[PDB]
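**Q** Could you have a look at this structure, given as structure tokens, before my questions?
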Amino acid sequence: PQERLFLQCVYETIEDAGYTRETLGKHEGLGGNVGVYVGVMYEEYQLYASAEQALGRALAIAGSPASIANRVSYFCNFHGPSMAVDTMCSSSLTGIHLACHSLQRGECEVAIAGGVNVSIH
Amino acid sequence: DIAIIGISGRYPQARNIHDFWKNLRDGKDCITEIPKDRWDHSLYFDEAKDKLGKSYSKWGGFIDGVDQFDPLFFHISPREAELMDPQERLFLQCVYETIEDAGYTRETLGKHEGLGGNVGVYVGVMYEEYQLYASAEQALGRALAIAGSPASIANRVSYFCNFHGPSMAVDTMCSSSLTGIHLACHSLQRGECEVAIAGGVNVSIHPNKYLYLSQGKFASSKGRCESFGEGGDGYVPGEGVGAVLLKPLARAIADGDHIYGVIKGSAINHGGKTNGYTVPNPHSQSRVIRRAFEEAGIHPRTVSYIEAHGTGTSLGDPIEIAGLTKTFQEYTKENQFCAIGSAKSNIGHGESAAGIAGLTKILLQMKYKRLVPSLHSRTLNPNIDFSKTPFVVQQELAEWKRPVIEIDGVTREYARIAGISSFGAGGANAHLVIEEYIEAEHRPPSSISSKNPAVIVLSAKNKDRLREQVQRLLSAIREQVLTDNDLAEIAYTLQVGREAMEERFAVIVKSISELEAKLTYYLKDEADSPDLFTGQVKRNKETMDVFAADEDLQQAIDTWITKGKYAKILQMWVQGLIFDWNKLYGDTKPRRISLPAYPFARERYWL
């Protein structure tokens, strides 16, 4: 669900910015050069799978928070860097800071920083 | 230009880089069945693709002794250690092994700040599966709470070693290692950090990992391991922990520290929208490589060896080959002038240390000057023809010859350039450009003599650890074949590059044979030895303390150094006395060398 809410949140933002997925830094000819950074502390959604496995049946939910940003890059067709940094209680600013420099170095024309956290276990 | 002044690692059937190298040049298909200490493994195997998550079961490279740690050395209670992620433990040890390998002390590593040193840390990890047992226990009853937060892998390090640099845990599937390195490279140039420690870590300790790898069709049937060609249809997950210390090239040469390689350039990007999820896009794979060589200002024709993402996947090799071919044809149309290989065919698939493992593989080849054979590439994929490609898969150990080429009417001998790729399942991509470092002019003129002899010193937290260090030192003097010239450097690294312990032992030497003999003296059980200065610090605390707490008394020790009374200093150093070893030689300190690191205990700790 962390993936779901963040993905919705990004799309709300792009519209909120007044830019369309097919025109937002689209000045590349193949999708635009947009970077993505997301800060997440941990995923507790696979723990239900382990609990189920201990009780029986068979279920395998994977973590790999890098999905949180890649899916965003996948759906929106961005060709910039995409990562999931993690510093305790300071991921969101770390993600911003990295994006700040990448724009300075010219790697990305536009950036999308943020954070996400939900309590479900 | 980022130099690497250090490296270390643990990999399946390898406790060291040397051990890893021997298996590499021995071409050992170092992948085996799951050990019994882990999950029972007989519950889920069904040799069929039906809902059991296994049937790709007894194939994985594993590192011996995953649950072994030495917490007292790190001021950690046994209760606390028992519930700290083994991943955190293993990375913590390697970094200290890395620091020790570089010949730097935690109190002198970029310590040119006055309060601990400005050292940045970046660690790449995909997932932590050690809290899961807590979930099972809670489900079964009782009460147990292990937290994750893979930042603890990096924060604990910055905590123990007193570092004042940024510390983060980046995460990109199967590509954290190169993403972690890439970020570290840019921070150094901007000046936020002076010295950095990138890396990766991954250990497979819960069957759920194997379950998901089958439910998704990412496994490799019953195949032994990755096959770069000839009908490979999956990958075999494996364990691995590694680290690498980075420093700007000008500084490292100034400090004289030994240089393994040079990271000229790097780049990262993401494919975007493709014909489905987890489908690599060659066009991105072209661009990221292309930008990488541009940032480095390296011409692809000058390349010699490239490590490919491999993975032996059916729909990953031809895509990887086309992209590499595409970005290379832009500048040269020649064929079969670069070799291509992968380490995963030896150690399985890390998914987070694959980048460092691939990075480690290159450096050893660059150190020993010998391209290593690949494995499982006897036949090659029939789909793709390598005659047109500029890449031929390595099949046998060979000397890694220096490039000489004529480009634009000009024949030149360039250095040994290599590149590496790491393509993650999510779609993130990364690549690096490395080059060997050539020494312009530097040589130790064997100053060692009776006038100015060598002063070898070791130290360990007890005698058991001390005796082992002697043994490992002797073997390293043998296996690596050091000479009289190395003595000054051997002493030098052992003087500053090792942190003073409680149990201590020292000798005065002139020759290699002399050092070999005396160490063999200690190993045999004798309470008295000639000119072998033994001692401790547990006893003498106040008397040794008051020595340094005086200027007049300090003058006396400086006088001893002037007079060459090396016997007395060691006679007092073994008791606790501390003094600057730079005082011995006021200029032109010798080069450092890789010597075996502190032999950490094997105490066990599990839930």
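**Q** Grab the strands (runs of 3 or more DSSP E) fully contained in the range B:371-466, keeping just those with 2 or more residues being of a type in the set (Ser, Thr, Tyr).
**A** Ranges flagged: B:417-423.
**Q** Just to be sure I understand, how many residues within the range A:25-74 are farther than 14 Å from A:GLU109 by Cα, in a loop (DSSP other than H, G, I, E, B) and within 17 Å of the chain's Cα centre (by Cα)?
**A** So the count comes out to 9.
**Q** Name the one entry in B:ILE508, B:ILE477 that is in contact with a strand residue (DSSP E or B) (Cβ under 8 Å, 6 or more places away or on another chain) and either assigned to a helix (DSSP H, G or I) or closer than 25 Å to B:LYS568 by Cβ (or both).
**A** B:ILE508
**Q** Still on this structure, please answer the following. Please give the number of the condition B:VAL157 fails out of (1) outside any loop (DSSP other than H, G, I, E, B); (2) within 12 Å of chain A (Cβ to nearest Cβ); (3) not aromatic (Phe, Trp, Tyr).
**A** Evaluating B:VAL157 over (1) outside any loop (DSSP other than H, G, I, E, B); (2) within 12 Å of chain A (Cβ to nearest Cβ); (3) not aromatic (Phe, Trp, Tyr) leaves (2) as the failure.
**Q** Pairs only if they're at least six apart or on different chains, beta carbon under 6 angstrom, first in the range B:272-285 and in contact (Cβ under 8 Å) with a residue 24 or more places away in the chain, second surrounded by 16 or more Cβ atoms within 10 Å (Cβ to Cβ) and part of a helix (DSSP H, G or I); list them, first residue then second.
**A** Between residues of the range B:272-285 that are in contact (Cβ under 8 Å) with a residue 24 or more places away in the chain and residues that are surrounded by 16 or more Cβ atoms within 10 Å (Cβ to Cβ) and part of a helix (DSSP H, G or I), the close pairs are B:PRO280/B:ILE319; B:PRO282/B:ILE319; B:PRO282/B:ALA322; B:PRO282/B:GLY323; B:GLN285/B:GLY323.
**Q** Return yes or no: is B:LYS264 among the charged types (D, E, K, R) and under 14 Å from B:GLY427 (Cα atoms)? Talk me through it step by step, then tell me what you get.
**A** Working: among the charged types (D, E, K, R): yes; under 14 Å from B:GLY427 (Cα atoms): no.
No.
**Q** Here is a further query. Could you check how many residues of the range B:326-353 are crowded, with 18+ Cβ neighbours inside 10 Å and either more than 21 Å from the chain's Cα centre (by Cα) or basic (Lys, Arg) (or both)? Steps first, answer last, please.
**A** The initial filter retains those residues of the range B:326-353 that are crowded, with 18+ Cβ neighbours inside 10 Å, namely B:327-328, B:338-353.
After this cut, where a residue has to be either more than 21 Å from the chain's Cα centre (by Cα) or basic (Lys, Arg) (or both) as well, the list is B:327-328, B:338-340, B:344.
Summing the residues that are crowded, with 18+ Cβ neighbours inside 10 Å and either more than 21 Å from the chain's Cα centre (by Cα) or basic (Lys, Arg) (or both) in the range B:326-353 gives 6.
**Q** Name the residue that is nearest to the other protein chains (Cβ to nearest Cβ), counting only residues in the range B:134-146 that are of a type in the set (A, V, I, L, M, F, W, C) and under 15 Å from B:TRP606 (Cα atoms).
**A** If we take residues in the range B:134-146 being of a type in the set (A, V, I, L, M, F, W, C) and under 15 Å from B:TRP606 (Cα atoms), then B:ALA134 is nearest to the other protein chains (Cβ to nearest Cβ).
**Q** So A:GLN2 ticks every box in (1) farther than 29 Å from B:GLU137 by Cβ; (2) more than 8 Å from chain B (Cβ to nearest Cβ); (3) touching an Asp or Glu at 6+ places or on another chain (Cβ under 8 Å) but one. Which box is left unticked?
**A** Condition (1) is where A:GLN2 drops out.
**Q** Now for a separate question. Look at the range B:401-435 and say how many of its residues are within 14 Å of chain A (Cβ to nearest Cβ) and not polar (S, T, N, Q).
**A** Summing the residues that are within 14 Å of chain A (Cβ to nearest Cβ) and not polar (S, T, N, Q) in the range B:401-435 gives 8.
**Q** Taking the range B:78-137, which residues are under 30 Å from A:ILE120 (Cα atoms) and either among the β-branched types (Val, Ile, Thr) or in a strand (DSSP E or B) (or both)?
**A** Within the range B:78-137, B:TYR122, B:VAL123, B:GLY124, B:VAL125 meet the criteria.
**Q** Sort out which residues of the range A:69-91 are more than 7 Å from chain B (Cβ to nearest Cβ) and of a type in the set (S, T, N, Q), and write them in order of number.
**A** Those that are more than 7 Å from chain B (Cβ to nearest Cβ) and of a type in the set (S, T, N, Q): A:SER90, A:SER91.
**Q** From the list A:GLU43, A:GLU109, which residue is charged (D, E, K, R), more than 10 Å from every other protein chain (Cβ to nearest Cβ) and in contact (Cβ under 8 Å) with a residue 40 or more places away in the chain?
**A** Exactly one of A:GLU43, A:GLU109 is charged (D, E, K, R), more than 10 Å from every other protein chain (Cβ to nearest Cβ) and in contact (Cβ under 8 Å) with a residue 40 or more places away in the chain, namely A:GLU109.
**Q** Right, something else. Just checking, how many residues over the range B:138-177 are in contact (Cβ under 8 Å) with a residue 12 or more places away in the chain, under 21 Å from B:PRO207 (Cβ atoms) and of a type in the set (D, E, K, R)?
**A** Residues flagged as in contact (Cβ under 8 Å) with a residue 12 or more places away in the chain, under 21 Å from B:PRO207 (Cβ atoms) and of a type in the set (D, E, K, R) within the range B:138-177 amount to 0.
**Q** Given the structure, is A:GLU22 within 27 Å of B:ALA267 (Cβ to Cβ), outside any loop (DSSP other than H, G, I, E, B) and within 14 Å of another protein chain (Cβ to nearest Cβ)? Before you say what the answer is, go through the steps one by one.
**A** On the way: within 27 Å of B:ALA267 (Cβ to Cβ): yes; outside any loop (DSSP other than H, G, I, E, B): no; within 14 Å of another protein chain (Cβ to nearest Cβ): yes.
No, not satisfied.
**Q** For the range A:69-95: of the residues being closer than 22 Å to B:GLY272 by Cβ and among the hydrophobic types (A, V, I, L, M, F, W, C), which is surrounded by the most Cβ atoms within 10 Å (Cβ to Cβ)?
**A** So, considering only residues that are closer than 22 Å to B:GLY272 by Cβ and among the hydrophobic types (A, V, I, L, M, F, W, C), the one surrounded by the most Cβ atoms within 10 Å (Cβ to Cβ) is A:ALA69.
**Q** Can you name the number of the only condition in (1) of a type outside the set (A, V, I, L, M, F, W, C); (2) without any contact (Cβ under 8 Å) to a residue 40 or more places away in the chain; (3) under 21 Å from B:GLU226 (Cα atoms) that B:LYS51 fails?
**A** That leaves (3) as the condition not met.
**Q** Condition check: within 14 Å of chain A (Cβ to nearest Cβ), over 17 Å from the mean Cα position of the chain (by Cα) and closer than 25 Å to B:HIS18 by Cα. Does B:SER204 satisfy that? First the steps, then the outcome.
**A** Values: within 14 Å of chain A (Cβ to nearest Cβ): yes; over 17 Å from the mean Cα position of the chain (by Cα): yes; closer than 25 Å to B:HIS18 by Cα: yes.
For B:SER204, the condition - within 14 Å of chain A (Cβ to nearest Cβ), over 17 Å from the mean Cα position of the chain (by Cα) and closer than 25 Å to B:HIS18 by Cα - is met.
**Q** Further question on the same structure: If you check B:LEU371, B:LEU380, B:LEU397, which single one turns out to be more than 14 Å from chain A (Cβ to nearest Cβ) and farther than 23 Å from B:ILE17 by Cβ?
**A** The unique qualifying residue is B:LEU380.
**Q** Could you say which residue among B:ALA196, B:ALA151 is among the small types (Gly, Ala, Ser), buried (at least 21 other Cβ atoms within 10 Å of the Cβ) and within 8 Å of chain A (Cβ to nearest Cβ)?
**A** On the way: B:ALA196 fails: within 8 Å of chain A (Cβ to nearest Cβ).
Being among the small types (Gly, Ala, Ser), buried (at least 21 other Cβ atoms within 10 Å of the Cβ) and within 8 Å of chain A (Cβ to nearest Cβ) holds for just one of B:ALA196, B:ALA151, which is B:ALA151.
**Q** Would you check which residues across the range B:275-331 are polar (S, T, N, Q) and either within 14 Å of chain A (Cβ to nearest Cβ) or touching a strand residue (DSSP E or B) at 6+ places or on another chain (Cβ under 9 Å) (or both) and list them?
**A** Applying the first criterion (polar (S, T, N, Q)) to the range B:275-331 yields B:275, B:278, B:281, B:284-286, B:302, B:304, B:311, B:313-314, B:325, B:327, B:329.
Listed by number, the residues that qualify are B:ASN275, B:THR278, B:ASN281, B:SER284, B:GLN285, B:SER286, B:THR302, B:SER304, B:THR311, B:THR325.
**Q** To continue, here is another question. Which count do you get for residues in the range A:46-68 that are surrounded by 21 or more Cβ atoms within 10 Å (Cβ to Cβ) and more than 8 Å from chain B (Cβ to nearest Cβ)?
**A** Count: 1.
**Q** Only one of B:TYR260, B:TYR235 is under 16 Å from the mean Cα position of the chain (by Cα) and among the hydroxyl-bearing types (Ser, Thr, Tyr); which?
**A** That would be B:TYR260, the only listed residue that is under 16 Å from the mean Cα position of the chain (by Cα) and among the hydroxyl-bearing types (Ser, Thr, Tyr).
**Q** Check B:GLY312, B:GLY323, B:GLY409 and return the single one that is buried (at least 23 other Cβ atoms within 10 Å of the Cβ), at positive phi, over 23 Å from the mean Cα position of the chain (by Cα) and not polar (S, T, N, Q).
**A** On the way: B:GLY323 fails: at positive phi; B:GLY409 fails: buried (at least 23 other Cβ atoms within 10 Å of the Cβ).
Going through B:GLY312, B:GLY323, B:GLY409 in turn, the sole match is B:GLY312.
**Q** Then there is this: If I go through the range B:167-193 residue by residue, how many of them are at the interface with chain A (Cβ under 8 Å from one of its Cβ atoms) and either of a type in the set (A, V, I, L, M, F, W, C) or not in a helix (DSSP H, G or I) (or both)?
**A** Result for the range B:167-193: 8.
So basically every Cβ, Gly included, is an ideal-geometry build from the backbone, and we count neighbours across all protein chains shown. None of the figures in this text is laboratory data; all of them are computed from the coordinates on show.
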